[PDB]
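What follows is one chain in structure tokens, specifically the form deposited in one PDB entry.
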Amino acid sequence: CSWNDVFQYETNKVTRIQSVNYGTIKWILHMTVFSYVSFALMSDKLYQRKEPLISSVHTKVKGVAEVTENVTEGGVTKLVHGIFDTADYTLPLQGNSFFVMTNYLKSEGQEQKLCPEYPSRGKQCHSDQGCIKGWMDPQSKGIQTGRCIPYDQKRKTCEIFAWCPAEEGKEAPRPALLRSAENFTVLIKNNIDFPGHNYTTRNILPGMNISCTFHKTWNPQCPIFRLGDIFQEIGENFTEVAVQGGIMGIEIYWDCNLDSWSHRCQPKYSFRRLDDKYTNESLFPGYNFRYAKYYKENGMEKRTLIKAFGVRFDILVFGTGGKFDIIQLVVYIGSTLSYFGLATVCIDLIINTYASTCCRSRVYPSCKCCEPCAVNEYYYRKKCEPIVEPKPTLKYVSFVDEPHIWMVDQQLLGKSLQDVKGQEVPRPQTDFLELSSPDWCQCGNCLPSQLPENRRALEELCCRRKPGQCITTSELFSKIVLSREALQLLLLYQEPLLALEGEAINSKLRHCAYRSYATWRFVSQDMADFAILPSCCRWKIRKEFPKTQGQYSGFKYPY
């Protein structure tokens, strides 16, 4: 608002404790924070801006296998010897995955025509009622025709229009026909980019030996892998997995630092099985798929249908490239700055916990080692300044016999303030730098109030809680309170040019006396504004400074 309020700055008040304990603890905690953050910075390279890589994988599988087996075509079974090369056991998959056929079931000479279903999964029909024309299910190799026909002697099945002879349902051959595929080799060419860092690298370095095969120990940087070795590394068996197939994962990790002084961008090759470790009791065990090779002889389309089992090798290339970036370093430092409140939190918790009072009587006798730590009480005394809410029902009373002040914050509701009991607030220590018979009356000098019957509950108070000498007869009472010269001097200190013979001057003196007593018994001003004078002292003060104007008022809210 105002211009003065604009250029103002708040800084917290603090207290510096000269304690070897706190200095030690604070520096230990600060050094622990600093050491941890430096270790994290120089281990996780949090000063480096890290960028993900753009990968490109190109794969080539080399190796040939020979398969000698009996094959049936045109109703004739013959022993055929065949050769499988890259073009024969690989699919033209161009990317991060390649497939090697380890086993196959091929049906040759297929022609679109009518034929019986092969009876492999309960496809047995005894009458045309068991076949629905145009019907199909997932196990159907064709579209059912309404009429049954005999597949062979002593066995009958539904007729279907399909590629015939229909695919016989037979399990994967054991041993795998292309188990020799464990000896095949795959070259993986992996090119990675960090655009932000403007860096490119490949998994193939100049001077590489072509007649190399990866080995984690002897040759961990040759990107030519034997498939059987890939399987042994984990513990898998290629010949067993070859029968029904599987999925293998080739992980190429690039933890690259592009800093010149610390430069290292090399691929780490790891192998995982991404298929279920299936057994003889497993649902959908393996990896198979059907493709067809189409041809035609004698002017009619035909196909060889191959159900291929094999291992699909998915290739997961991942990693990060780090290069020094001052923004990252500065941001990390800024984040870590907050960590250094550890010392303040810990030491302040100790100070507040060891200044709970309960610790002194109970904990110390049980444990004498933690005895002197009660010094924290001193530290809490200087650190904290308790302040009460100033409210109309707040009162303070003091009894000479009593040791301290009573905070009667509870509304009286007609009960005498003498009777009412409240919190026992300690009396503050004086500024020694300067020093250097009503039913509720125990003193006898208390006069009955003059307030309204409801209001007089507050003024019903005695200088002491038990019978004895009145505070009013104390010699110091006249010196401090009733001393006209002292009150006049105080007023002059306040208002040096006030009329000495004013009509209302007496009233002012009375107020001063109220303050004086409230300050003599309730040291703190905050505790002296809300104090309540006993009836005896109040009425002697009134006698010394009476008011002909009318009935004397009473305690009024300070604020």
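Numbers for residues come from their place in the sequence shown, where the first is 1. Whichever C-alpha set is largest while still superposing within 1.5 Å between the two forms counts as the rigid core.
The same protein also exists as the form deposited in another entry; that form is not shown, yet it is the one meant from here on.
- In the overlay on the core between this form and the one not shown, a shift of 2 Å or more in CA position is seen for a single residue of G169, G422, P428, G444, which is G169.
- After superposition on the rigid core, displacement of the C-alpha of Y378 between this form and the one not shown stays below 2 Å.
- The two forms, fitted on the rigid core, differ between this form and the one not shown by less than 2 Å at the CA of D409.
- The Cα shift for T90 between this form and the one not shown, taken after rigid core superposition, is 2 angstroms or larger.
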